[PDB]
$ cat structure-v1.cif   # mmCIF, C-alpha atoms and all ligand atoms
data_run
loop_
_atom_site.group_PDB
_atom_site.id
_atom_site.type_symbol
_atom_site.label_atom_id
_atom_site.label_comp_id
_atom_site.auth_asym_id
_atom_site.auth_seq_id
_atom_site.Cartn_x
_atom_site.Cartn_y
_atom_site.Cartn_z
ATOM 1 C CA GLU A 2 39.463 16.990 1.180
ATOM 2 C CA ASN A 3 36.039 15.364 0.402
ATOM 3 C CA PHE A 4 34.254 18.802 -0.055
ATOM 4 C CA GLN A 5 35.550 22.145 -1.333
ATOM 5 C CA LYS A 6 34.330 25.291 0.428
ATOM 6 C CA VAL A 7 32.910 27.783 -2.043
ATOM 7 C CA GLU A 8 31.607 30.449 0.381
ATOM 8 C CA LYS A 9 29.926 30.824 3.776
ATOM 9 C CA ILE A 10 26.152 31.009 3.277
ATOM 10 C CA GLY A 11 24.675 31.212 6.780
ATOM 11 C CA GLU A 12 24.585 30.693 10.517
ATOM 12 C CA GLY A 13 21.948 28.713 12.355
ATOM 13 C CA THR A 14 21.271 28.060 16.022
ATOM 14 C CA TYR A 15 23.920 25.273 16.254
ATOM 15 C CA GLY A 16 26.496 25.883 13.598
ATOM 16 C CA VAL A 17 27.686 27.496 10.362
ATOM 17 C CA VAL A 18 26.634 26.585 6.784
ATOM 18 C CA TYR A 19 28.940 26.708 3.740
ATOM 19 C CA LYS A 20 28.223 26.157 0.090
ATOM 20 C CA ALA A 21 30.588 23.316 -0.895
ATOM 21 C CA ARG A 22 31.490 21.227 -3.915
ATOM 22 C CA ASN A 23 31.640 17.420 -3.675
ATOM 23 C CA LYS A 24 35.204 16.597 -4.992
ATOM 24 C CA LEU A 25 34.260 13.192 -6.257
ATOM 25 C CA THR A 26 30.752 13.832 -7.688
ATOM 26 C CA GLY A 27 30.910 17.500 -8.793
ATOM 27 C CA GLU A 28 27.549 18.139 -6.961
ATOM 28 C CA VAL A 29 27.140 21.514 -5.187
ATOM 29 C CA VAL A 30 25.756 21.135 -1.582
ATOM 30 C CA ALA A 31 25.136 23.085 1.667
ATOM 31 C CA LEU A 32 27.385 21.783 4.424
ATOM 32 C CA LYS A 33 26.460 22.594 8.007
ATOM 33 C CA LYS A 34 29.128 22.125 10.649
ATOM 34 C CA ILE A 35 28.092 21.737 14.264
ATOM 35 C CA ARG A 36 30.777 21.611 17.056
ATOM 36 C CA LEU A 37 30.354 18.622 19.484
ATOM 37 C CA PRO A 45 23.258 10.355 27.258
ATOM 38 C CA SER A 46 23.355 11.413 23.559
ATOM 39 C CA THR A 47 20.975 9.883 21.007
ATOM 40 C CA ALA A 48 21.481 12.894 18.689
ATOM 41 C CA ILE A 49 23.536 11.034 15.997
ATOM 42 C CA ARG A 50 21.043 8.169 15.849
ATOM 43 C CA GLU A 51 17.975 10.451 15.632
ATOM 44 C CA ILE A 52 19.481 12.855 13.085
ATOM 45 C CA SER A 53 20.762 9.919 10.977
ATOM 46 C CA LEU A 54 17.141 8.633 10.809
ATOM 47 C CA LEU A 55 16.126 11.841 9.012
ATOM 48 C CA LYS A 56 18.076 10.672 5.921
ATOM 49 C CA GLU A 57 14.936 8.478 5.223
ATOM 50 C CA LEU A 58 12.385 11.232 5.864
ATOM 51 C CA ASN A 59 12.348 12.529 2.270
ATOM 52 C CA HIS A 60 9.726 14.860 0.797
ATOM 53 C CA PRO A 61 9.689 17.542 -1.934
ATOM 54 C CA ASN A 62 9.101 20.220 0.767
ATOM 55 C CA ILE A 63 11.752 18.964 3.265
ATOM 56 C CA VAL A 64 15.346 20.064 2.613
ATOM 57 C CA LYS A 65 17.082 16.896 1.305
ATOM 58 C CA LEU A 66 19.505 15.548 3.939
ATOM 59 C CA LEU A 67 22.197 13.934 1.789
ATOM 60 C CA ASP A 68 24.461 12.729 4.586
ATOM 61 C CA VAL A 69 25.286 12.927 8.285
ATOM 62 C CA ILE A 70 29.018 12.850 9.116
ATOM 63 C CA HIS A 71 30.390 12.422 12.647
ATOM 64 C CA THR A 72 34.157 12.842 12.786
ATOM 65 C CA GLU A 73 36.745 14.607 14.952
ATOM 66 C CA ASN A 74 33.975 15.633 17.492
ATOM 67 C CA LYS A 75 32.029 17.608 14.984
ATOM 68 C CA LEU A 76 28.738 16.785 13.347
ATOM 69 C CA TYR A 77 28.370 17.675 9.670
ATOM 70 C CA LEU A 78 25.094 17.708 7.801
ATOM 71 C CA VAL A 79 25.252 17.624 4.013
ATOM 72 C CA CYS A 80 22.102 19.097 2.416
ATOM 73 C CA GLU A 81 20.950 19.952 -1.062
ATOM 74 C CA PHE A 82 21.898 23.478 -1.991
ATOM 75 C CA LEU A 83 19.081 26.029 -1.873
ATOM 76 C CA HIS A 84 19.688 29.708 -2.643
ATOM 77 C CA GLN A 85 17.770 31.878 -0.188
ATOM 78 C CA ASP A 86 15.778 31.815 3.064
ATOM 79 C CA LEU A 87 12.225 33.203 3.493
ATOM 80 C CA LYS A 88 13.405 35.899 5.949
ATOM 81 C CA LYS A 89 15.700 37.356 3.241
ATOM 82 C CA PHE A 90 13.021 37.049 0.621
ATOM 83 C CA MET A 91 10.499 38.816 2.897
ATOM 84 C CA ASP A 92 13.047 41.633 3.596
ATOM 85 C CA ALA A 93 13.684 41.979 -0.135
ATOM 86 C CA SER A 94 9.931 42.062 -0.866
ATOM 87 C CA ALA A 95 9.251 44.729 1.832
ATOM 88 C CA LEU A 96 8.262 47.573 -0.550
ATOM 89 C CA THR A 97 5.438 45.692 -2.230
ATOM 90 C CA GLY A 98 4.989 42.463 -0.217
ATOM 91 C CA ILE A 99 4.966 38.890 -1.436
ATOM 92 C CA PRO A 100 2.035 38.434 -3.852
ATOM 93 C CA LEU A 101 -0.916 36.587 -2.242
ATOM 94 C CA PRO A 102 -0.865 33.712 -4.811
ATOM 95 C CA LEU A 103 2.772 33.158 -3.904
ATOM 96 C CA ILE A 104 2.019 33.320 -0.176
ATOM 97 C CA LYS A 105 -0.736 30.754 -0.708
ATOM 98 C CA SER A 106 1.618 28.488 -2.728
ATOM 99 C CA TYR A 107 4.295 28.712 -0.025
ATOM 100 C CA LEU A 108 1.836 27.963 2.847
ATOM 101 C CA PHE A 109 0.338 25.011 0.817
ATOM 102 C CA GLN A 110 3.793 23.562 0.229
ATOM 103 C CA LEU A 111 4.911 24.091 3.846
ATOM 104 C CA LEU A 112 1.801 22.383 5.113
ATOM 105 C CA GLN A 113 2.567 19.346 2.878
ATOM 106 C CA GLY A 114 6.068 19.164 4.392
ATOM 107 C CA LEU A 115 4.680 19.374 7.961
ATOM 108 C CA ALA A 116 1.977 16.804 7.209
ATOM 109 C CA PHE A 117 4.687 14.395 6.009
ATOM 110 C CA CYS A 118 6.963 14.745 9.038
ATOM 111 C CA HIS A 119 3.992 14.733 11.408
ATOM 112 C CA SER A 120 2.696 11.476 9.802
ATOM 113 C CA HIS A 121 6.152 10.010 10.764
ATOM 114 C CA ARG A 122 5.853 11.392 14.296
ATOM 115 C CA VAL A 123 8.691 13.928 13.703
ATOM 116 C CA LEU A 124 8.241 17.514 14.983
ATOM 117 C CA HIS A 125 10.336 20.538 14.103
ATOM 118 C CA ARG A 126 9.633 22.594 17.251
ATOM 119 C CA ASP A 127 11.552 25.686 15.946
ATOM 120 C CA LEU A 128 10.159 26.867 12.651
ATOM 121 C CA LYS A 129 11.051 30.389 11.631
ATOM 122 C CA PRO A 130 11.439 32.189 8.324
ATOM 123 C CA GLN A 131 15.235 31.686 8.537
ATOM 124 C CA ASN A 132 14.799 27.929 8.179
ATOM 125 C CA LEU A 133 12.394 27.913 5.229
ATOM 126 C CA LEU A 134 14.462 27.862 2.008
ATOM 127 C CA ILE A 135 13.308 28.692 -1.487
ATOM 128 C CA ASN A 136 14.644 28.109 -5.036
ATOM 129 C CA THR A 137 14.015 30.094 -8.233
ATOM 130 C CA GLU A 138 11.415 27.596 -9.485
ATOM 131 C CA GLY A 139 8.696 28.340 -6.894
ATOM 132 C CA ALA A 140 9.425 25.633 -4.268
ATOM 133 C CA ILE A 141 9.886 26.217 -0.530
ATOM 134 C CA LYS A 142 11.281 23.597 1.899
ATOM 135 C CA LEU A 143 11.634 23.132 5.669
ATOM 136 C CA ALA A 144 15.256 22.976 6.982
ATOM 137 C CA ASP A 145 16.625 21.811 10.361
ATOM 138 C CA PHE A 146 14.055 19.127 11.125
ATOM 139 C CA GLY A 147 15.303 17.153 14.174
ATOM 140 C CA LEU A 148 17.926 19.601 15.484
ATOM 141 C CA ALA A 149 15.733 21.152 18.249
ATOM 142 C CA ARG A 150 14.765 17.762 19.621
ATOM 143 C CA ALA A 151 18.352 16.395 19.349
ATOM 144 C CA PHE A 152 20.018 19.362 21.043
ATOM 145 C CA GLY A 153 17.373 21.355 22.955
ATOM 146 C CA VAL A 154 16.524 24.978 22.037
ATOM 147 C CA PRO A 155 19.090 27.180 23.764
ATOM 148 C CA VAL A 156 18.556 30.781 24.796
ATOM 149 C CA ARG A 157 21.551 31.862 22.597
ATOM 150 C CA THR A 158 23.006 30.481 19.379
ATOM 151 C CA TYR A 159 26.609 29.203 19.007
ATOM 152 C CA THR A 160 27.575 32.814 18.026
ATOM 153 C CA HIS A 161 25.752 34.302 21.122
ATOM 154 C CA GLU A 162 22.738 35.679 19.235
ATOM 155 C CA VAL A 163 19.272 35.601 20.812
ATOM 156 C CA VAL A 164 17.210 32.590 19.588
ATOM 157 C CA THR A 165 13.883 34.185 18.485
ATOM 158 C CA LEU A 166 10.761 33.583 20.581
ATOM 159 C CA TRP A 167 8.405 35.062 17.972
ATOM 160 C CA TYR A 168 7.078 31.771 16.547
ATOM 161 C CA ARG A 169 6.944 29.835 19.858
ATOM 162 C CA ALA A 170 3.631 28.119 20.695
ATOM 163 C CA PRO A 171 1.856 29.237 23.942
ATOM 164 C CA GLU A 172 1.940 25.721 25.463
ATOM 165 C CA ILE A 173 5.770 25.814 25.260
ATOM 166 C CA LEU A 174 5.911 29.297 26.828
ATOM 167 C CA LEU A 175 3.533 28.086 29.667
ATOM 168 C CA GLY A 176 5.985 25.200 30.468
ATOM 169 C CA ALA A 177 4.085 22.140 29.024
ATOM 170 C CA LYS A 178 6.286 19.067 29.276
ATOM 171 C CA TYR A 179 4.814 17.395 26.238
ATOM 172 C CA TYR A 180 4.964 19.028 22.810
ATOM 173 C CA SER A 181 2.582 17.841 20.089
ATOM 174 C CA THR A 182 2.822 18.371 16.321
ATOM 175 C CA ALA A 183 0.514 21.387 16.986
ATOM 176 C CA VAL A 184 3.603 23.466 18.052
ATOM 177 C CA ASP A 185 4.664 23.557 14.348
ATOM 178 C CA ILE A 186 1.187 24.530 13.142
ATOM 179 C CA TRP A 187 1.298 27.553 15.561
ATOM 180 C CA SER A 188 4.704 28.594 14.256
ATOM 181 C CA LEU A 189 3.581 28.276 10.626
ATOM 182 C CA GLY A 190 0.421 30.368 11.324
ATOM 183 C CA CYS A 191 2.743 33.138 12.755
ATOM 184 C CA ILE A 192 4.829 32.953 9.531
ATOM 185 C CA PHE A 193 1.652 33.050 7.398
ATOM 186 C CA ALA A 194 0.447 36.299 9.105
ATOM 187 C CA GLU A 195 3.941 37.778 8.723
ATOM 188 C CA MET A 196 4.051 37.139 4.937
ATOM 189 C CA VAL A 197 0.619 38.769 4.540
ATOM 190 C CA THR A 198 1.204 41.886 6.760
ATOM 191 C CA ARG A 199 4.999 42.293 6.239
ATOM 192 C CA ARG A 200 5.485 42.505 10.009
ATOM 193 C CA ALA A 201 6.028 39.762 12.690
ATOM 194 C CA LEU A 202 2.706 38.845 14.291
ATOM 195 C CA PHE A 203 4.026 38.466 17.895
ATOM 196 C CA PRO A 204 7.545 40.063 18.131
ATOM 197 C CA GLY A 205 8.227 39.317 21.814
ATOM 198 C CA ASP A 206 11.556 40.254 23.369
ATOM 199 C CA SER A 207 11.308 37.950 26.446
ATOM 200 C CA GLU A 208 9.114 34.962 27.345
ATOM 201 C CA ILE A 209 6.667 37.146 29.221
ATOM 202 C CA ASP A 210 6.590 39.801 26.488
ATOM 203 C CA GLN A 211 5.955 36.977 23.931
ATOM 204 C CA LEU A 212 3.064 35.589 26.011
ATOM 205 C CA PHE A 213 1.467 38.987 26.663
ATOM 206 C CA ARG A 214 1.661 39.918 22.926
ATOM 207 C CA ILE A 215 -0.167 36.661 22.137
ATOM 208 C CA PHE A 216 -2.753 37.444 24.923
ATOM 209 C CA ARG A 217 -3.310 41.026 23.767
ATOM 210 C CA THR A 218 -4.298 39.738 20.289
ATOM 211 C CA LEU A 219 -5.999 36.389 20.973
ATOM 212 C CA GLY A 220 -7.372 37.192 24.431
ATOM 213 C CA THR A 221 -5.991 35.867 27.685
ATOM 214 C CA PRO A 222 -6.808 32.166 27.660
ATOM 215 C CA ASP A 223 -9.116 30.596 30.341
ATOM 216 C CA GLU A 224 -10.439 27.116 31.075
ATOM 217 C CA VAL A 225 -13.281 27.632 28.495
ATOM 218 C CA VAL A 226 -11.044 28.120 25.449
ATOM 219 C CA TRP A 227 -8.184 25.995 26.805
ATOM 220 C CA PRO A 228 -9.000 23.276 29.310
ATOM 221 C CA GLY A 229 -6.146 22.734 31.706
ATOM 222 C CA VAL A 230 -4.532 26.166 30.989
ATOM 223 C CA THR A 231 -4.710 27.367 34.620
ATOM 224 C CA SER A 232 -2.729 24.239 35.742
ATOM 225 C CA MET A 233 0.190 24.709 33.414
ATOM 226 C CA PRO A 234 3.573 25.036 35.238
ATOM 227 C CA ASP A 235 4.211 28.708 34.239
ATOM 228 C CA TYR A 236 0.633 29.925 34.345
ATOM 229 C CA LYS A 237 -0.034 32.733 36.908
ATOM 230 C CA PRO A 238 -3.538 33.771 37.971
ATOM 231 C CA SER A 239 -2.137 37.315 38.036
ATOM 232 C CA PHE A 240 -1.893 37.414 34.150
ATOM 233 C CA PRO A 241 -3.851 40.479 32.914
ATOM 234 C CA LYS A 242 -7.088 39.475 31.253
ATOM 235 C CA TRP A 243 -7.175 40.974 27.722
ATOM 236 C CA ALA A 244 -10.153 40.589 25.394
ATOM 237 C CA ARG A 245 -9.743 38.937 22.023
ATOM 238 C CA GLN A 246 -9.275 41.098 18.875
ATOM 239 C CA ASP A 247 -11.117 40.485 15.610
ATOM 240 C CA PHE A 248 -8.893 38.868 12.972
ATOM 241 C CA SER A 249 -10.119 41.457 10.568
ATOM 242 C CA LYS A 250 -7.722 43.856 12.379
ATOM 243 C CA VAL A 251 -4.850 41.372 12.813
ATOM 244 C CA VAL A 252 -4.165 40.355 9.210
ATOM 245 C CA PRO A 253 -5.642 42.786 6.734
ATOM 246 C CA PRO A 254 -6.011 42.350 3.845
ATOM 247 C CA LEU A 255 -6.339 38.591 4.035
ATOM 248 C CA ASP A 256 -9.729 37.349 2.577
ATOM 249 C CA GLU A 257 -12.255 35.455 4.776
ATOM 250 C CA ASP A 258 -10.913 31.961 3.950
ATOM 251 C CA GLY A 259 -7.309 32.970 4.939
ATOM 252 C CA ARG A 260 -8.587 34.474 8.149
ATOM 253 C CA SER A 261 -10.645 31.397 8.982
ATOM 254 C CA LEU A 262 -7.583 29.184 8.323
ATOM 255 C CA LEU A 263 -5.211 31.436 10.321
ATOM 256 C CA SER A 264 -7.609 31.451 13.317
ATOM 257 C CA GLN A 265 -7.652 27.662 13.302
ATOM 258 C CA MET A 266 -3.803 27.548 13.173
ATOM 259 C CA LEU A 267 -3.730 29.860 16.221
ATOM 260 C CA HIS A 268 -6.205 28.066 18.529
ATOM 261 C CA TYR A 269 -4.857 28.124 22.048
ATOM 262 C CA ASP A 270 -5.717 24.457 22.860
ATOM 263 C CA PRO A 271 -3.071 22.211 21.060
ATOM 264 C CA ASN A 272 -5.768 19.547 20.856
ATOM 265 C CA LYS A 273 -8.132 21.907 18.919
ATOM 266 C CA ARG A 274 -5.493 23.503 16.680
ATOM 267 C CA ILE A 275 -5.966 22.403 13.028
ATOM 268 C CA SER A 276 -3.611 19.616 11.790
ATOM 269 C CA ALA A 277 -1.457 20.095 8.673
ATOM 270 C CA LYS A 278 -3.447 17.425 6.919
ATOM 271 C CA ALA A 279 -6.760 19.224 7.679
ATOM 272 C CA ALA A 280 -5.328 22.640 6.747
ATOM 273 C CA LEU A 281 -4.454 21.338 3.234
ATOM 274 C CA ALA A 282 -8.202 20.608 2.667
ATOM 275 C CA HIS A 283 -9.150 24.136 3.695
ATOM 276 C CA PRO A 284 -11.103 26.165 1.106
ATOM 277 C CA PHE A 285 -8.324 28.801 1.232
ATOM 278 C CA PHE A 286 -6.424 26.432 -1.116
ATOM 279 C CA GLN A 287 -9.255 25.965 -3.615
ATOM 280 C CA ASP A 288 -7.424 28.181 -6.127
ATOM 281 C CA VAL A 289 -3.763 27.458 -5.161
ATOM 282 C CA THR A 290 -1.219 27.760 -8.047
ATOM 283 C CA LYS A 291 2.556 27.488 -8.139
ATOM 284 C CA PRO A 292 3.911 30.899 -9.254
ATOM 285 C CA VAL A 293 7.634 31.406 -9.982
ATOM 286 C CA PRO A 294 9.167 34.464 -8.232
HETATM 287 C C1 LIG B 1 22.547 21.113 5.658
HETATM 288 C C2 LIG B 1 22.456 22.629 5.412
HETATM 289 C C3 LIG B 1 21.341 23.265 6.211
HETATM 290 O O1 LIG B 1 21.188 22.855 7.352
HETATM 291 N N1 LIG B 1 20.525 24.229 5.750
HETATM 292 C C4 LIG B 1 19.673 24.972 6.685
HETATM 293 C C5 LIG B 1 20.515 26.197 6.998
HETATM 294 N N2 LIG B 1 20.872 26.861 5.692
HETATM 295 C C6 LIG B 1 21.416 28.210 5.693
HETATM 296 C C7 LIG B 1 20.275 29.189 5.520
HETATM 297 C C8 LIG B 1 20.791 26.210 4.433
HETATM 298 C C9 LIG B 1 20.926 26.911 3.232
HETATM 299 C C10 LIG B 1 20.846 26.243 2.001
HETATM 300 C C11 LIG B 1 20.606 24.839 2.050
HETATM 301 C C12 LIG B 1 20.492 24.076 3.230
HETATM 302 C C13 LIG B 1 20.613 24.743 4.451
#
$ encode --input "structure-v1.cif" --output "structure tokens"
Amino acid sequence: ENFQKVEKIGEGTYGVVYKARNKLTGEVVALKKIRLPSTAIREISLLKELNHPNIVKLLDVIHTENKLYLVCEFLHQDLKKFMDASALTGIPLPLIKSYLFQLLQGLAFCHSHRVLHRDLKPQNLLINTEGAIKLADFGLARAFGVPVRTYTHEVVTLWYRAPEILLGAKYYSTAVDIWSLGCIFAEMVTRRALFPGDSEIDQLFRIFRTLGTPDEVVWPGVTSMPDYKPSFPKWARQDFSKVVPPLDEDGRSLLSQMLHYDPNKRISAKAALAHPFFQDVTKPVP
């Protein structure tokens, strides 16, 4: 009886989200319920301290009756819905730039605390009516693993997955989130997913057909990754001018750096924020 359900507002990889009202404070919140060694409660509890204007505020973590509840600030819409609703005309470039600038600040903060997301996608980027955008679900992928199917048996999207993950690397760096964010960036600009794979191999070959099949020159160590096969077809790289029109030259330079194959060479969030693409960044209200 601590929270009143108002309405169901969404479904993530692990559980359902309701808008709720805090009985005793009157505050409106988003309450995620997840069913069911395990360091998940410790690690997720630590995210209550990892506060930033571009990270969804984690108000509380409740473990009771073999369910995990996450109490978050209420935000009104995800980026996937906003992109679908903006399909006819597209999100305006100054708003795209504002959103990427803010998302990079959120990543830079978590990354500075050694915390990775590992599963960024438009569905977990939430916006308000004031012009802010925030990252949701930090910590959940690491705590629980990324399953093939969600709790409601939907396919977990591969579209934003970094190539080192797809090639079976055992160690993920903060670069995995930069890759994902660069995919989201291209999708806002073109109104179409950059790499819409429908299996792990289809995802990898879509990446290869655009960026070129990687070799030891662009990506040292690539031919010794666990899931690398010498039989991969060898596609030549496309020019970014084709990939994301009509992004200007600064956006294209930034995007190419977010999409470097080698996780060691891929631009950091901190470095991306200093990119000349942001020289004229503003905060428009949609
Ligand atoms: C704690 C609530 C939560 O995890 N999130 C991320 C998932 N969703 C549903 C899209 C959400 C919406 C509004 C506010 C927070 C959250």
$ resolve_selection --input "structure-v1.cif" --expression "the PyMOL selection byres (((chain A and resi 68) around 12) and not hetatm)" --output "compact mmCIF listing (two decimals) with C-alpha atoms, in the coordinates of the input"
# COMPACT_ATOMS: atom_id res chain seq x y z
CA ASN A 23 31.64 17.42 -3.68
CA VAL A 30 25.76 21.14 -1.58
CA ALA A 31 25.14 23.08 1.67
CA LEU A 32 27.38 21.78 4.42
CA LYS A 33 26.46 22.59 8.01
CA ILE A 49 23.54 11.03 16.00
CA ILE A 52 19.48 12.86 13.08
CA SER A 53 20.76 9.92 10.98
CA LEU A 54 17.14 8.63 10.81
CA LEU A 55 16.13 11.84 9.01
CA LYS A 56 18.08 10.67 5.92
CA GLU A 57 14.94 8.48 5.22
CA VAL A 64 15.35 20.06 2.61
CA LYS A 65 17.08 16.90 1.30
CA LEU A 66 19.50 15.55 3.94
CA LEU A 67 22.20 13.93 1.79
CA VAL A 69 25.29 12.93 8.28
CA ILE A 70 29.02 12.85 9.12
CA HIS A 71 30.39 12.42 12.65
CA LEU A 76 28.74 16.78 13.35
CA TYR A 77 28.37 17.68 9.67
CA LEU A 78 25.09 17.71 7.80
CA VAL A 79 25.25 17.62 4.01
CA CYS A 80 22.10 19.10 2.42
CA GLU A 81 20.95 19.95 -1.06
$ closest_atom_pairs --input "structure-v1.cif" --of "chain A" --to "ligand LIG 1 (chain B)" --cutoff "10 Å" --atoms "all atoms listed in the file" --output "tab-separated table"
residue	atom	partner	partner_atom	distance
A:9	CA	B:LIG1	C6	9.1
A:10	CA	B:LIG1	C6	6.0
A:11	CA	B:LIG1	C6	4.6
A:12	CA	B:LIG1	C6	6.3
A:13	CA	B:LIG1	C5	6.1
A:14	CA	B:LIG1	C5	9.2
A:15	CA	B:LIG1	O1	9.6
A:16	CA	B:LIG1	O1	8.7
A:17	CA	B:LIG1	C6	7.8
A:18	CA	B:LIG1	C6	5.6
A:19	CA	B:LIG1	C2	7.8
A:20	CA	B:LIG1	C10	7.6
A:30	CA	B:LIG1	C11	7.3
A:31	CA	B:LIG1	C2	4.6
A:32	CA	B:LIG1	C1	5.0
A:33	CA	B:LIG1	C2	4.8
A:34	CA	B:LIG1	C1	8.3
A:35	CA	B:LIG1	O1	9.8
A:64	CA	B:LIG1	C12	6.6
A:65	CA	B:LIG1	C1	8.2
A:66	CA	B:LIG1	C1	6.6
A:67	CA	B:LIG1	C1	8.2
A:68	CA	B:LIG1	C1	8.7
A:69	CA	B:LIG1	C1	9.0
A:77	CA	B:LIG1	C1	7.9
A:78	CA	B:LIG1	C1	4.8
A:79	CA	B:LIG1	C1	4.7
A:80	CA	B:LIG1	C1	3.8
A:81	CA	B:LIG1	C11	5.8
A:82	CA	B:LIG1	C11	4.5
A:83	CA	B:LIG1	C10	4.3
A:84	CA	B:LIG1	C10	5.9
A:85	CA	B:LIG1	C10	6.8
A:86	CA	B:LIG1	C7	5.8
A:87	CA	B:LIG1	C7	9.2
A:88	CA	B:LIG1	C7	9.6
A:89	CA	B:LIG1	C7	9.6
A:130	CA	B:LIG1	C7	9.7
A:131	CA	B:LIG1	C7	6.4
A:132	CA	B:LIG1	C4	5.9
A:133	CA	B:LIG1	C4	8.0
A:134	CA	B:LIG1	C10	6.6
A:135	CA	B:LIG1	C10	8.7
A:136	CA	B:LIG1	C10	9.6
A:142	CA	B:LIG1	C12	9.3
A:143	CA	B:LIG1	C4	8.3
A:144	CA	B:LIG1	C4	4.9
A:145	CA	B:LIG1	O1	5.6
A:146	CA	B:LIG1	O1	8.9
A:148	CA	B:LIG1	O1	9.3
$ resolve_selection --input "structure-v1.cif" --expression "the PyMOL selection byres (((chain A and resi 283) around 12) and not hetatm)" --output "ChimeraX atom specification"
/A:105,108-109,112,257-263,265-266,275-282,284-289
$ write_last_selection --input "structure-v1.cif" --atoms "C-alpha atoms" --output "PDB file, in the coordinates of the input"
ATOM      1  CA  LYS A 105      -0.736  30.754  -0.708  1.00  0.00           C
ATOM      2  CA  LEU A 108       1.836  27.963   2.847  1.00  0.00           C
ATOM      3  CA  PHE A 109       0.338  25.011   0.817  1.00  0.00           C
ATOM      4  CA  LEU A 112       1.801  22.383   5.113  1.00  0.00           C
ATOM      5  CA  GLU A 257     -12.255  35.455   4.776  1.00  0.00           C
ATOM      6  CA  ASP A 258     -10.913  31.961   3.950  1.00  0.00           C
ATOM      7  CA  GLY A 259      -7.309  32.970   4.939  1.00  0.00           C
ATOM      8  CA  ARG A 260      -8.587  34.474   8.149  1.00  0.00           C
ATOM      9  CA  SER A 261     -10.645  31.397   8.982  1.00  0.00           C
ATOM     10  CA  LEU A 262      -7.583  29.184   8.323  1.00  0.00           C
ATOM     11  CA  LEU A 263      -5.211  31.436  10.321  1.00  0.00           C
ATOM     12  CA  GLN A 265      -7.652  27.662  13.302  1.00  0.00           C
ATOM     13  CA  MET A 266      -3.803  27.548  13.173  1.00  0.00           C
ATOM     14  CA  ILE A 275      -5.966  22.403  13.028  1.00  0.00           C
ATOM     15  CA  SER A 276      -3.611  19.616  11.790  1.00  0.00           C
ATOM     16  CA  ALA A 277      -1.457  20.095   8.673  1.00  0.00           C
ATOM     17  CA  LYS A 278      -3.447  17.425   6.919  1.00  0.00           C
ATOM     18  CA  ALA A 279      -6.760  19.224   7.679  1.00  0.00           C
ATOM     19  CA  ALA A 280      -5.328  22.640   6.747  1.00  0.00           C
ATOM     20  CA  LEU A 281      -4.454  21.338   3.234  1.00  0.00           C
ATOM     21  CA  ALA A 282      -8.202  20.608   2.667  1.00  0.00           C
ATOM     22  CA  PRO A 284     -11.103  26.165   1.106  1.00  0.00           C
ATOM     23  CA  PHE A 285      -8.324  28.801   1.232  1.00  0.00           C
ATOM     24  CA  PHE A 286      -6.424  26.432  -1.116  1.00  0.00           C
ATOM     25  CA  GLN A 287      -9.255  25.965  -3.615  1.00  0.00           C
ATOM     26  CA  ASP A 288      -7.424  28.181  -6.127  1.00  0.00           C
ATOM     27  CA  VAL A 289      -3.763  27.458  -5.161  1.00  0.00           C
TER      28      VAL A 289
END
$ resolve_selection --input "structure-v1.cif" --expression "the PyMOL selection byres (((chain A and resi 126) around 8) and not hetatm)" --output "ChimeraX atom specification"
/A:124-125,127-128,149-150,184-185
$ atom_distance --input "structure-v1.cif" --atom1 "CA of residue 113 (chain A)" --atom2 "CA of residue 141 (chain A)"
10.6 Å
$ residues_near_point --input "structure-v1.cif" --point "(5.4, 23.5, 24.4)" --cutoff "12 Å" --atoms "only C-alpha atoms" --output "count of residues only"
32
$ residues_around --input "structure-v1.cif" --residues "residue 245 (chain A)" --least-positions-apart "5" --cutoff "9 Å" --atoms "only C-alpha atoms" --output "VMD selection string"
chain A and resid 216 to 221
$ residues_near_point --input "structure-v1.cif" --point "(0.5, 38.8, 11.7)" --cutoff "8 Å" --atoms "all atoms listed in the file" --output "VMD selection string"
chain A and resid 191 to 203 251 to 252
$ closest_residue --input "structure-v1.cif" --among "A:101, A:63, A:151, A:163" --to "residue 253 (chain A)" --atoms "only C-alpha atoms"
A:101
$ closest_residue --input "structure-v1.cif" --among "A:74, A:37, A:232, A:2" --to "residue 25 (chain A)" --atoms "only C-alpha atoms"
A:2
$ atom_distance --input "structure-v1.cif" --atom1 "CA of residue 156 (chain A)" --atom2 "CA of residue 241 (chain A)"
25.7 Å
$ closest_residue --input "structure-v1.cif" --among "A:190, A:98, A:224, A:250" --to "residue 236 (chain A)" --atoms "only C-alpha atoms"
A:224
$ atom_distance --input "structure-v1.cif" --atom1 "CA of residue 256 (chain A)" --atom2 "CA of residue 118 (chain A)"
28.8 Å
$ residues_around --input "structure-v1.cif" --residues "residue 167 (chain A)" --least-positions-apart "6" --cutoff "7 Å" --atoms "all atoms listed in the file" --output "list in words"
residues 203, 204, 205 and 211 of chain A
$ write_last_selection --input "structure-v1.cif" --atoms "C-alpha atoms" --output "PDB file, in the coordinates of the input"
ATOM      1  CA  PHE A 203       4.026  38.466  17.895  1.00  0.00           C
ATOM      2  CA  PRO A 204       7.545  40.063  18.131  1.00  0.00           C
ATOM      3  CA  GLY A 205       8.227  39.317  21.814  1.00  0.00           C
ATOM      4  CA  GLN A 211       5.955  36.977  23.931  1.00  0.00           C
TER       5      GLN A 211
END
$ closest_residue --input "structure-v1.cif" --among "A:72, A:158, A:165, A:62" --to "residue 115 (chain A)" --atoms "only C-alpha atoms"
A:62
$ decode --input "structure-v1.cif" --residues "region 54-61 of chain A" --atoms "C-alpha atoms" --output "compact mmCIF listing (two decimals), in the first residue's frame"
# COMPACT_ATOMS: atom_id res chain seq x y z
CA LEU A 54 25.05 1.35 -5.62
CA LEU A 55 23.44 3.17 -8.56
CA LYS A 56 21.34 5.22 -6.08
CA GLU A 57 24.58 7.34 -5.67
CA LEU A 58 25.33 7.64 -9.39
CA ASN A 59 23.26 10.80 -9.92
CA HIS A 60 23.45 13.07 -12.97
CA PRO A 61 21.00 15.36 -14.82
